[PDB]
Amino acid sequence: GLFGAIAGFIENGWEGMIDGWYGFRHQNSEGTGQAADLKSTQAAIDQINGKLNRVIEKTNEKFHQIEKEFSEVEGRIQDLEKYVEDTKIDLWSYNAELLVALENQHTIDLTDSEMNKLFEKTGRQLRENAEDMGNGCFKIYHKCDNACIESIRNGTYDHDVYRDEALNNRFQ
Amino acid sequence: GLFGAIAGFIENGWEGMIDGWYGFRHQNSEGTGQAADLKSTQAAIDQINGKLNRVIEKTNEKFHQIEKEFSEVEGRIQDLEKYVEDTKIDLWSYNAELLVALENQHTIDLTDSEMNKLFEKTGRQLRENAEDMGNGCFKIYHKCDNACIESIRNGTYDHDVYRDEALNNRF
Amino acid sequence: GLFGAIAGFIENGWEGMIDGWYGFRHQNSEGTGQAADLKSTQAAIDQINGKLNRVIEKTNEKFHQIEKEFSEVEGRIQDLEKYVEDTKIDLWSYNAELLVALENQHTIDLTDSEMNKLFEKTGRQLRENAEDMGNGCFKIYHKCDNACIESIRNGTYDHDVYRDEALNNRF
Amino acid sequence: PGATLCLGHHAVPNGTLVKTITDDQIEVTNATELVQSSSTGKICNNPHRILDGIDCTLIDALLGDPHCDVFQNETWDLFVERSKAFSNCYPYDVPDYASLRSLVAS
Amino acid sequence: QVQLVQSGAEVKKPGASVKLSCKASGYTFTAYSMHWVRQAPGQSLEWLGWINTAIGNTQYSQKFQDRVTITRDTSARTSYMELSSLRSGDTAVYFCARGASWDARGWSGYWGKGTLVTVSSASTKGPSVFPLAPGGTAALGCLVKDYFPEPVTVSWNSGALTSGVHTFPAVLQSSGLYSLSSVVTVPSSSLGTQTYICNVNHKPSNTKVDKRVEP
Amino acid sequence: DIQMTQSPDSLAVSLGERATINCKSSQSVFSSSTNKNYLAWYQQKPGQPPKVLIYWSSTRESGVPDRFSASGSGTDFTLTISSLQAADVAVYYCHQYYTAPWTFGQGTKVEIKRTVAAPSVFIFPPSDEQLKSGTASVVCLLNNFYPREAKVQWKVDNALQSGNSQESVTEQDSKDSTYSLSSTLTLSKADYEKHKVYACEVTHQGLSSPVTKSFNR
Amino acid sequence: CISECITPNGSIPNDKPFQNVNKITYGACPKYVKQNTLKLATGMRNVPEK
Ligand SMILES: *[C@@H]1O[C@H](CO)[C@@H](O[C@@H]2O[C@H](CO)[C@@H](O)[C@H](O)[C@H]2NC(C)=O)[C@H](O)[C@H]1NC(C)=O
Ligand SMILES: *[C@@H]1O[C@H](CO)[C@@H](O[C@@H]2O[C@H](CO)[C@@H](O)[C@H](O)[C@H]2NC(C)=O)[C@H](O)[C@H]1NC(C)=O
Ligand SMILES: *[C@@H]1O[C@H](CO)[C@@H](O)[C@H](O)[C@H]1NC(C)=O
Ligand SMILES: *[C@@H]1O[C@H](CO)[C@@H](O)[C@H](O)[C@H]1NC(C)=O
Ligand SMILES: *[C@@H]1O[C@H](CO)[C@@H](O)[C@H](O)[C@H]1NC(C)=O
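As structure tokens, this is what we get:
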């Protein structure tokens, strides 16, 4: 994708993440765990449902039209009826092909984006207390129990609390 | 947006930024102030006007066409005139709808990008002298008066001058 | 582009890079040199050939159609044949314009992206051993000979080896 | 003594192939079909009022061919002509038959 | 093709230990949790614990933290459950099951076919097969008695007689030994002329036995 | 832990008819966090392992026929088989995976309801070859009856027995939807050749009067 | 039965924007296209591992 997260610096997806689209996996002094990220999963989901509802919105209603099958050769007028219809179908067929091509490119890039956006938010909370290991994982340079990880996941992590401990571990 | 700046890590827009689209707000030892960033502002504007001008360029000119209203039932030939016209309108209508959906998505994503690009540029000038607080703001770890801020804004900030001071304060 | 690398923080392209689309230039204790990066170059190339192959795939085959030029004035039926055809051409002409506009924007944006992605990957390998100078160049804060540079280019740079040395130099 | 925190996204053992601007075929986690390609094979009698023409063309009903006189003064949103329809009255033709059929049907 | 191949049936005496295995294939092993769930006969399913297949950490149900240990071998694509200080109340079928997600917050979409483990102080014994000697139809049968351990299989006339046959679930007697009966309804008219033989198989003791049943 | 409790314990429904099983968990298994109910439903036929029908309380596993559906939120859940077919006769389990430990319900056995049918009763005296072994086994067979409920009382010289019999019941018959029961009375050779009249009394809904079948030693 | 969209082959659902059943239609109907399938992504890229 354009952002290089999904199928990029995140080396692969997690078949085991079954209650969210994006999330966290951790290891600390109390063990390891997993949690869906609620906001991003929902951010991705709403856009895809939004686009989809736009796509499946409002078919046209048509009633009396033209004949499109003919049991006799008639020439000029039939040629024209068949040409108009054939033309209409090729145009719509083109529109249909183009619409899904564009949507899918956009669906893929927006999902890559949410991953990248989630990743960036995590980095920002952590300030100087962690480093990006480059594979979508952060190394946290302080003791960080389950409540601490959860504090990161729920967006209330207070970087200042751990900064002295962390900087000491990073640089000394 | 795709970049997560506008309506993202930037928590809200500034109703008070009325002389630019993007800009800086600061607080330092001499008080606070505001300035539009012209290059990013101008970047969004030029893309949107280029785009806008592409869209409103060159309507087609047509002269003698077909009748599109009829005062008598005639059947087969009229059905075809009406079907051709009805089909044409739905096709153009789809094009019109599609044109604006893609354009508007693209207008939104490009503006978000310009926000993100301005932010990244600011980060890069600052090098090791500041930290991203995560809300589109930088905490600058050295004394930085109005001329210093302006040095950041006009792209001549010299990070080496302040580096020693900043690192001591950070660490 | 949307990512701000090409025609952005990378100030210009390299006319001298003739064996890749993206790559590295370096200076170290053994001198300077240049090398293309194959993966990013190939990533861009594969996508562009893919879109292109999608665009030039499968023309339609048509046989008996309608007459489209006429040697006599005939009125109502001819108006319709001419209107149907004229309309068809304007629709396809519109599609052609739109298809290339969207594709070209996307072609421009995806290449800016690959540039940005290569840059980000390099930053991540380097960890705390380098700083982004803001112009697409990294200042590496340790002695880094040709084998070290090559270790960066081929993805095996071991940041831990140099961290003590680099941090001493940065700080 | 520290910790590790990894960001990731889900995946499935096997997904579904879709087309994009760049790729003729690429795997995503889920997709949905946009082309209706099946029918029950039956015409639903709601909400539109359906008239099965049976042994009658609309034109035979119009003129009042006797085995079609059942259809007198009838109305429809959609008239259905069956291939088994037949005429059984004076042999006839209608110049611009197609138009009359069209304008009556409409 | 997701598959879970569990070790063969096991018979052990009280106070001993057992170690069952579960061999997976057809999916990436370290991406899904493994679970061990048991079922006493005629009872409900009981979760023993789970293992995180990538890392290898576990947690067990408190009624079992003392005695159960779960293991994995990542190159083998294999899980292992070891239960110690066995008691008669541990007689049950032991399923391994792949989690829908690792971390155990997920259902099970794939279960192994199960491994029966029987805990008793009785030892392997082959059964004695006694005849159950015969309204217009009569009933005859075989009583397969005093064997250990389960299971036993019964057919009639080498598989040829199946309609009307009812082989019952075994029952466990005071002796610690199992007992089973298998019967078939047949027309009274058939009795003296049609031969009826029941084929009993008790594989744990290598006992194969055919018994003809007559009035 | 989180207790799963199903209702009813046993359920009898006619072919083509609707089947509805209920589940309550001791604590909510809804996460406001993920907006999902962490609840599953499994089918289990004898011998076979459990099979998911439904997960996220309301999502149907693929390949499972659409006559199965489940609903509910938090602590109240309901599995439904809209139009019961013969292959649906099985035990059904609900399952919370909201938190470790996994817990399951006690199980609801589901059977085909049918017209009431009375058991054919047969009695079997011990074989002579078994009597040599010093023990005697009298067997009572109750064949092809419905419903499952049946009392078997062993009477030896009319003194009804207790503590010396054991029962076993077939699974509902795939063909005619009946059950069958085998009862085995056990004595020592000594006690067996001490009384004369051995009888098996069966009581069942399809039997207007309790039927007794018997033999004299 | 109830259906807004009718074709000579029979009624069809009109929940999808396109159909490949018949160019002849009546009522509120998806638009006829030549393609027999078109997949709209409703998820991210799928990258399964090992
Ligand atoms: C793949 O995506 C489709 C489209 O979003 C999902 O279909 C939805 O299913 C839910 C639950 O039944 C319905 O409420 C929605 O109406 C469906 N959406 C549409 C527009 O059809 C589908 O569930 C997904 N497939 C899987 C297995 O996850
Ligand atoms: C609906 O009916 C029409 C008419 O019978 C079908 O069109 C036929 O399609 C087949 C297969 O491509 C062709 O070989 C025939 O020549 C067509 N018949 C006629 C008379 O045109 C059409 O396939 C049906 N639609 C669907 C999707 O079932
Ligand atoms: C974040 O998580 C912790 C640990 O569960 C919890 O105590 C805290 O309330 C959460 N923060 C907020 C404000 O939701
Ligand atoms: C940028 O702003 C500062 C302070 O006003 C000014 O001193 C400096 O000259 C400016 N830089 C340039 C080169 O314009
Ligand atoms: C990268 O380059 C160095 C220097 O040539 C070499 O030793 C190393 O093996 C390379 N890494 C890989 C795995 O290609």
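Protein chains in written order, with the deposited numbering: chain A, 1 to 172; chain B, 1 to 171; chain C, 1 to 171; chain D, 9 to 114; chain E, 1 to 52, 52A, 53 to 82, 82A to 82C, 83 to 100, 100A to 100D, 101 to 126, 133 to 213; chain F, 1 to 27, 27A to 27F, 28 to 211; chain G, 277 to 326.
The beta carbon of each residue, even a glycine, is placed where N, CA and C say it ideally should be.
Asked                                                                                                                        : Found
Contact with chain D by residue 313/G, beta-carbon distance below 8 Å                                                        : yes
Residue range of the unbroken alpha helix (DSSP H) whose run includes residue 135/C                                          : Run containing residue 135/C: none; DSSP gives neither H nor E here.
Inter-residue Cα distance where the pair is residue 21/B and residue 40/B                                                    : 8 Å
Burial state of residue 166/F (16 or more Cβ within 10 Å)                                                                    : buried
Within-8 Å CB hit, residue 81/D to chain G                                                                                   : no
Residue from 197/E, 212/E and 149/E with nearest C-alpha to residue 107/E                                                    : 149/E
Within-8 Å CB hit, residue 35/D to chain G                                                                                   : yes
Residue 50/E at chain A interface by Cβ criterion, 8 Å                                                                       : no
Helix, strand or coil at residue 144/C according to DSSP, with G and I counted as helix                                      : coil
Residue of 154/F, 128/F, 145/F and 93/F minimising C-alpha distance to residue 27A/F                                         : 93/F
7 Å Cβ shell around residue 7/C - same chain, five flanking residues per side excluded                                       : 1
Cutoff 7 Å; reference residue 121/B; Cβ partners in own chain excluding five residues on either side                         : none
Distance cut-off 7 Å: residue 154/C Cβ against heavy atoms of ligand 5                                                       : yes
Heavy atom of ligand 4 within 7 Å of residue 30/B beta-carbon                                                                : no
Residues, ordered as in the chain, of the region 30 to 56 of chain D that lie near chain C by beta-carbon distance below 7 Å : 30, 31 and 32
Beta-bridge pairing of residue 13/D - partner residues as DSSP gives them                                                    : 26/A and 138/A
Which listed residue (172/A, 3/A, 170/A and 144/A) has its alpha carbon closest to that of residue 161/A                     : 144/A
Local Cβ density within 10 Å of residue 44/D, reported as buried at 16 or more and exposed below that                        : buried
Chain G within 8 Å of residue 180/A, Cβ atoms only                                                                           : The requested residue 180/A does not occur in the structure, where chain A is confined to residues 1 to 172.
Closest residue to residue 20/F among 82/F, 154/F and 190/F (Cα-Cα distance)                                                 : 82/F
Positions along the region 149 to 179 of chain F whose CB lies within less than 9 Å of some CB in chain E                    : 160, 161, 162, 163, 164, 165, 167, 169, 174, 175, 176 and 178
Residue 35/B CB to nearest heavy atom of ligand 4 below 7 Å                                                                  : no
Interface residues of chain B facing residue 104/D [CB-CB closer than 9 Å]                                                   : 75 and 76
N-terminal and C-terminal residue of the alpha helix (DSSP H) that residue 87/A is part of                                   : 76 to 126
Selected residue, minimal CA-CA separation from residue 19/B, among 82/B, 148/B and 42/B                                     : 42/B
C-beta neighbour in chain G for residue 12/D, strict 8 Å                                                                     : no
Distance cut-off 7 Å: residue 150/C Cβ against heavy atoms of ligand 5                                                       : yes
Residue 147/C Cβ short of 7 Å to ligand 5 heavy atom set                                                                     : yes
Beta-bridge partners of residue 31/B, as assigned by DSSP                                                                    : 28/B
Residues near ligand 1, criterion Cβ-heavy atom distance below 5 Å                                                           : 38/D, 40/D and 318/G
For residue 165/A, the first and last residue of its enclosing alpha helix (DSSP H)                                          : 159 to 171
Residue 20/D: CB within 7 Å of a non-hydrogen atom of ligand 7                                                               : Questions concerning ligand 7 fall outside what the structure shown contains, since the ligands it does hold are ligand 1, ligand 2, ligand 3, ligand 4 and ligand 5.
For residue 56/D, the three-state DSSP class (helix, strand or coil)                                                         : coil
Option nearest residue 103/F by Cα separation, candidates 37/F, 50/F, 71/F and 198/F                                         : 37/F
Listed by chain order, chain B residues near residue 70/C by CB distance under 8 Å                                           : Ordered by position in chain B, no residue passes the 8 Å Cβ test against residue 70/C, which lies about 14 Å from the chain.
Nearest to residue 125/F (by Cα), restricted to the options 69/F, 184/F and 42/F                                             : 184/F
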